[PDB]
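S.K.: Please work out how this folds:
(10 chains)
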Amino acid sequence: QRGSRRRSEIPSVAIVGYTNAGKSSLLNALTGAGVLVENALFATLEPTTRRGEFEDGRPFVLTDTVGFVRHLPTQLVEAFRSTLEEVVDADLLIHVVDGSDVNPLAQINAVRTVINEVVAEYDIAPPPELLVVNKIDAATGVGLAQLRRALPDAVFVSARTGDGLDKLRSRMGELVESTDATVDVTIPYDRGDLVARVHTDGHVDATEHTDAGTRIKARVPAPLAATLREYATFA
Amino acid sequence: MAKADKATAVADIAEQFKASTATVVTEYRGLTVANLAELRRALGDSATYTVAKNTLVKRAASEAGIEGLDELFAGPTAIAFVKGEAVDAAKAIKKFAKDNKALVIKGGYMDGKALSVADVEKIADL
Amino acid sequence: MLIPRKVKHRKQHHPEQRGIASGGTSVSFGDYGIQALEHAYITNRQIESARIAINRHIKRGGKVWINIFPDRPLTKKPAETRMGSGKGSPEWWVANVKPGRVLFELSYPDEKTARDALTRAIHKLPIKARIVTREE
Amino acid sequence: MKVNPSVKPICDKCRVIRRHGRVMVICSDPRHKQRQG
Amino acid sequence: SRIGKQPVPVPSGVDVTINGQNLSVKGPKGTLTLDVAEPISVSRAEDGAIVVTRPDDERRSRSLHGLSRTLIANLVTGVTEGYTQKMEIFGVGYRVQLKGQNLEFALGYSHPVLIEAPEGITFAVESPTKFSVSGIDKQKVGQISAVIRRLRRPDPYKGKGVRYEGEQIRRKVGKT
Amino acid sequence: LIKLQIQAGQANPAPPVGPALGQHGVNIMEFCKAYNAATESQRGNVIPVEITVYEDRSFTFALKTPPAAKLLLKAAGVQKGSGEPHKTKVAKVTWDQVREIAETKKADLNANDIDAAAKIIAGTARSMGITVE
Amino acid sequence: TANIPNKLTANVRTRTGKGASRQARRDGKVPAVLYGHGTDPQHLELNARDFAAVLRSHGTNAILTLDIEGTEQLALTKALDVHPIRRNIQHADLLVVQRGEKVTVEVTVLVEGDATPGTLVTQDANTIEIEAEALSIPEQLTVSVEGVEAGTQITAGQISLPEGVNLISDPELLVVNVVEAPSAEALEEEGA
Amino acid sequence: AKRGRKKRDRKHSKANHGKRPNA
RNA sequence: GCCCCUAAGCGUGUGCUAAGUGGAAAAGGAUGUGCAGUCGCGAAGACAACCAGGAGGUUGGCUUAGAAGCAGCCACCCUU
RNA sequence: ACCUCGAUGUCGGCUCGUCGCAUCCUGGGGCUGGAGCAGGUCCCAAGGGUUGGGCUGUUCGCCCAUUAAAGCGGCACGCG
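M.R.: Residues are numbered from 1 along each chain as shown, chains lettered A, B, ... in the order given. Take a look:
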């Protein structure tokens, strides 16, 4: 199923974190899904995905995984090895930690050493890690500045209230568009299976009706950017 | 499709004929609602207009002297009930006859007299 | 699930599945109902599983009545043991059903969605059953 | 084709017929066509 | 039965023959021969028509009513005016040529394929990308055109292959 | 035969409006300049514009009365439409106000009478639940 | 109201019991017994089809005019017995009445209307017993519920009875209860 | 269990009257 | 039990079955056929084929980019 | 606990087979979120084929090299 849905051009982002980190409600509040939650342990278990939406008008694959617990046996890690395959299939990995706690250094240390186990045994480059503190309304401002100084890649969020969601899309935007390869293609007149593709599948830069054809400066996704290299304007 | 609704139609159509003087009957087919909305504003200013069933007309025509259109009830029936002067609605429709040219007049009736298509043109001329 | 709070006797005989129903053969709370046509021991799981099925098709409004309650216990001894030496502990609670008994009842504005909701629950019961109305 | 004991019309353009002693559903959409057995 | 109610109108240009249930019609194109089912009987009225007669309302006899009427109907409009079907071929590099009583296709295969002409069926090429099949028997004309149309596995991505005249085939977008 | 509704003084973003009709082969820039030139007088609404297309790709665009679904909002003072009409009422509009909306909507509505148009606005008022008193 | 009594024929049975009754229902009849102030029960059998047609139109309480052996006899169907599975009449009780007597009869209650959108109408009492003249029984009673707000109770005393009839049952009995629309979580909470 | 079924189902014949030894 | 093996009926009358059902089986799926009763419609032409329309407010309100007559929720009225 | 206790020799391996199809390869197709290459799922099909080694008594399993494939079962858990 993934081997037929990876062929498409949908960016994939993964949300991971401890149990009762509010990862389920983050997907509910960012999209509008009615995924049910319980203020207890193992609120959600199935690997849930739904569409993601943006400020600039881009869809992506937003994947909710299973919640972790501390001192997990590797037997249970292997038991849920089916739910954690999306970790390496993620363009961007979003990490959410308990913002009301004492030791954000331990929360990142435990999960990252858990996830990099799978990255190492799957031998792919680790994704750009992003941390999201939750419950800024239920958190103390002293620790807010401590992670401000320590992690510039950290962002304050309170999904239970909804502050700073527009900045999340901007941060999500700059790091997802960054994997694409800008192209300068010249599509001829006998390949008219591309005019709608360059306008909606990718991002347009400029367009001119030259003699050799239409010199289409454009930005297109990874399976769509290494793809027009035949008609490249320079080496 | 209970018969009571059709029975009320037969009484009403005849009573409007006996309340009106003349008629002009054309083909309604192929005319947009935008045209139908445009015409109904001009149609209802003085006259009235309906698109009823041929047999509903016949059972609502046998009472009074509007049985002089039996052989002409074959085709798309579009009654333009002109109540006042018979030339008002006949002049407006001849505007639409030239405006559209997809409408062809089937016939008309006035003063208990049976006419033809060319006679109707003269009626719109009178 | 539905279980009784306390039952005077914990290990009872098997309920007799003979004869036709003599009570509860008329819908008396809602508008539509399910009428049984075969004897069965409808456990508390099939009662609750069918209850969710009706709710998931109306999803907004209406009330569901369950006139049947799993009172009787049914026991089983541990597997891979020879016969004799006692009687097993009660495991699943069932409710005796005789044909003619009205099992579930629904109250919903439009009939088509009401009957389709009931047909969803009927397909989760161990019996043949039909849909009966409030009217005569 | 879907070989199922329980073939039903799925869309509003699905016709259910009999062809050589088998109940089958035939539709414009190839996804819908199915036979009994 | 409503289909079989009306009678087949014979024209001035053919002669019919009814010897029991072996009805044969001959005219300006050919000679066609037919046999009907045993309940049904067929004769002709003196007003230039052929009539099929079912004596019962049994399910078997009611189905053979409509079947017999259309068969004689096509037996008449065939032996006199005949049938033609206009076939088209689509895709770059796809052509057709005529080799006497045969047809040669070029449908992207390594080997140019041949289609023989069954008797009473005449191939008539018009343009390299459009042709027509004509004949006397409606059953045979539609049979060979069906084989012709199936010379390429269906392609909904670009529609390459032999199609019918006013076809609107199902297509889809082949993206990735 | 296409349709659009664009903000008063702003236009040409890429998702909403530009490629929304540039996929059919019409003008992209003069339409925005012309659209601004006509609405600068009104400037306080949204307009359903109905561009009618022919073989020659040249546009024929017309400007209609502001929608009753939004002309009611400015008449009542609220900004967000009601999520539960007939259960919680959030806007106030007087029968006089409906007459005021009918005066603006007198040109492009099917209503033959002033009071009949008032009914039409009342019929639209029920779709978001705006109190008519 | 002037309820036209129905004409039904009857025969007097030669034999009774379960042997004779089962044969009657197989042959196409339906047994019944006529009693009342006459103090002499007559065992009759009606035509099964005709009696059902009378019941299908004029409700359960249908005034009957039996011509038993050619003699007129006004009667009122006191009670019915229906098999719960096959839904057929097995037996009927026919009480003998004469014009100008106040009987006590249970009649059904209908509900007509369309309440405000945030409510669900749950009818409690299917029937209600009234006192009416022998030939002027109301065949059904109506409770038009419309424009009612959150939960409102319509008892028997809110029913508009026709002229010359009385509400025997106490007016405190509740008939129609309109309740707020159950919430999407209430379906989950109720019954577990 | 074909053997166990074909033997029990042998009792529905005319000459056995719905009963047989060992069912 | 009565076509031949195999003693005695390829018995008589009225219907049903097309599956070798007769000569194994369930939940359930299903335009296979015979019988009985109902309901809506219809020579004021109901149904099938076919002609012509199938519009205005409008992009009905909340919701995310967005549901614009046509993922989701509420409302679901009016003029020709 | 019905046949066998005045005997019905019990696991693996070797030799030798024979059958079923609920098919691992080869053969024919329908659907596909099937562009191609390659797949996924279902239907038809028993003609032939289905390797050699390290560890363990091992069936089973893990591993090393390959191959079009290294099928699942029954026959006293076939065969003293």
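S.K.: Might you report the residue contacts of the nearest residue to residue B:20 once chain neighbours are set aside?
M.R.: Using Cβ to Cβ, 6 or more residues apart in numbering or on different chains and skipping the chain neighbours, the partner closest in space to residue B:20 is residue B:83 (4.3 Å). Backbone N, C-alpha and C define where each C-beta goes, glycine included. Contact analysis of residue B:83 by Cβ atoms under 8 Å, 6 or more residues apart in numbering or on different chains lists B:19, B:20, B:21, B:46, B:47, B:48.
S.K.: any idea how far residue B:83 lies from residue G:161?
M.R.: 51 Å (Cβ to Cβ, to the nearest Å).
S.K.: and the residue of chain H nearest chain A?
M.R.: residue H:1 (38.8 Å; Cβ to the nearest Cβ).
S.K.: for chain E, same thing?
M.R.: For chain E, Cβ to the nearest Cβ, closest residue to chain A: residue E:176, 4.0 Å.
S.K.: and that residue, what does it touch?
M.R.: A:7, A:8, A:9, A:223 are the contacts of residue E:176 under Cβ under 8 Å, 6+ apart.
S.K.: Next, work out how far apart it and chain F are.
M.R.: Here residue E:176 is placed at a distance of 21 Å from chain F (Cβ to the nearest Cβ, to the nearest Å).
S.K.: does that residue count as helix, strand or coil?
M.R.: coil (DSSP: H, G, I helix; E, B strand; the rest coil).
S.K.: Same check on residue G:111?
M.R.: Strictly by three-state DSSP, residue G:111 counts as strand.
S.K.: how far away is it from chain E?
M.R.: Distance from residue G:111 to chain E, by Cβ to the nearest Cβ: 48 Å.
S.K.: could you pull out the strands for chain G?
M.R.: G:6-12, G:29-36, G:42-47, G:63-68, G:74-82, G:89-96, G:102-112, G:119-123, G:127-133, G:141-144, G:152-155, G:166-167, G:174-180 (DSSP state E).
S.K.: ok, back up a step: and the residue nearest to residue B:20, how close does it get to residue B:48?
M.R.: Distance of residue B:83 to residue B:48, given as Cβ to Cβ: 7 Å.
S.K.: Which neighbours do those two have in common?
M.R.: Contacts common to residue B:83 and residue B:48, judged by Cβ under 8 Å, 6+ apart, are residue B:20.
S.K.: What helix or strand is the residue positioned nearest the centre of chain B located in?
M.R.: Nearest residue to the geometric centre of chain B (Cα atoms, centre = their mean): residue B:79, 2.0 Å. Using DSSP states H and E, residue B:79 sits within strand B:78-82.
S.K.: what's the following helix or strand after the helix ranked longest in chain C?
M.R.: Longest helix of chain C, by residue count under DSSP state H: helix C:44-58. Counting by DSSP H and E, the next helix or strand C-terminal to helix C:44-58 is strand C:63-66.
S.K.: Would you mark the buried spots in that following strand?
M.R.: Residues C:63, C:64, C:65, C:66 are the ones in strand C:63-66 that count as buried (16 or more other Cβ atoms under 10 Å in any protein chain shown).
S.K.: Out of the residues you listed, flag the one nearest to residue D:36.
M.R.: Nearest to residue D:36 out of these is residue C:64 (Cβ to Cβ; 34.7 Å).
S.K.: For the closest one, give the beta-bridge partners.
M.R.: Beta-bridge pairing for residue C:64 (DSSP bridges): residue C:106.
S.K.: What separation do you get for it and residue C:5?
M.R.: On the measure of Cβ to Cβ, residue C:64 and residue C:5 end up 22 Å apart.
S.K.: cool, and residue G:65?
M.R.: Distance of residue G:65 to residue C:5, computed by Cβ to Cβ: 57 Å.
S.K.: Which of the two has more residues huddled nearby?
M.R.: Between residue G:65 and residue C:5, counting by other Cβ atoms under 10 Å in any protein chain shown, residue G:65 is the more crowded of the two (13 against 4).
S.K.: Now do the same for the residue in chain D positioned nearest to chain C: helix, strand or coil?
M.R.: Using Cβ to the nearest Cβ, the closest approach of chain D to chain C is made by residue D:6 at 11.2 Å. Three-state call for residue D:6 (three-state DSSP): coil.
S.K.: Next, count neighbours for it.
M.R.: Residue D:6, neighbours per other Cβ under 10 Å, totals 6.
S.K.: secondary structure element for the closest residue to RNA strand J within chain A?
M.R.: In chain A, the residue that lies nearest RNA strand J is residue A:4 (3.1 Å; Cβ to the nearest atom of the strand). Element membership of residue A:4, judged by DSSP H and E, is helix A:2-5.
S.K.: Surely residue A:179 touches residue A:224?
M.R.: No - applying Cβ atoms under 8 Å as the test, residue A:179 and residue A:224 come out as separate, 11.4 Å apart.
S.K.: between these two, which one's more packed in?
M.R.: When neighbours are counted by other Cβ under 10 Å, residue A:179 and residue A:224 differ, and residue A:224 comes out ahead with 19 against 13.
S.K.: What residues does the closest residue in space to residue A:134 that isn't next to it in sequence make contact with?
M.R.: Excluding the flanking residues, the one nearest residue A:134 by Cβ to Cβ, 6+ apart is residue A:99, at 4.5 Å. By Cβ under 8 Å, 6+ apart, the residues touching residue A:99 are A:133, A:134, A:135, A:136, A:138, A:139, A:143, A:156, A:158.
S.K.: just residue G:72 next, same as before
M.R.: Residue G:72 touches G:65, G:66, counting by Cβ under 8 Å, 6+ apart.
S.K.: next one: phi and psi at residue H:11?
M.R.: The phi/psi pair for residue H:11 (degrees, to the nearest 10) reads phi -90, psi 0.
S.K.: now do residue G:185
M.R.: When read as degrees, to the nearest 10, the backbone of residue G:185 gives phi -90, psi -20.
S.K.: What is the burial count for it?
M.R.: Neighbours of residue G:185 using other Cβ under 10 Å come to 8.
S.K.: In the chain, where's the longest helix?
M.R.: Went with chain A since none was named. Longest helix in chain A, counting by DSSP H: helix A:104-122.
S.K.: You answered for a different chain; I wanted chain F.
M.R.: Longest helix in chain F, counting by DSSP H: helix F:114-125.
S.K.: Export it to CSV, keeping only CA atoms.
M.R.: What follows is helix F:114-125, C-alpha atoms only, in CSV (Å, rounded to 0.1, in the frame of the first residue of the first chain):
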residue,chain,number,x,y,z
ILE,F,114,-40.4,45.2,-3.5
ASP,F,115,-42.1,43.1,-0.8
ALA,F,116,-41.4,39.9,-2.8
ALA,F,117,-37.7,40.7,-2.8
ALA,F,118,-38.1,41.3,0.9
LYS,F,119,-39.3,37.7,1.2
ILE,F,120,-36.3,36.5,-0.8
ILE,F,121,-33.9,38.2,1.6
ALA,F,122,-35.9,36.7,4.5
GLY,F,123,-35.5,33.3,2.7
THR,F,124,-31.8,33.9,2.6
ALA,F,125,-31.7,35.2,6.1
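S.K.: If we ignore the residues flanking it in sequence, what's nearest the residue in chain G positioned nearest to RNA strand J?
M.R.: Among all residues of chain G, residue G:184 sits closest to RNA strand J, at 27.2 Å; criterion: Cβ to the nearest atom of the strand. The spatial neighbour of residue G:184 that comes closest, neighbours along the chain excluded (Cβ to Cβ, 6+ apart), is residue C:60 at 6.0 Å.
S.K.: swap in residue E:98?
M.R.: In space, residue E:98 is closest to residue E:125, 4.6 Å off (Cβ to Cβ, 6+ apart).
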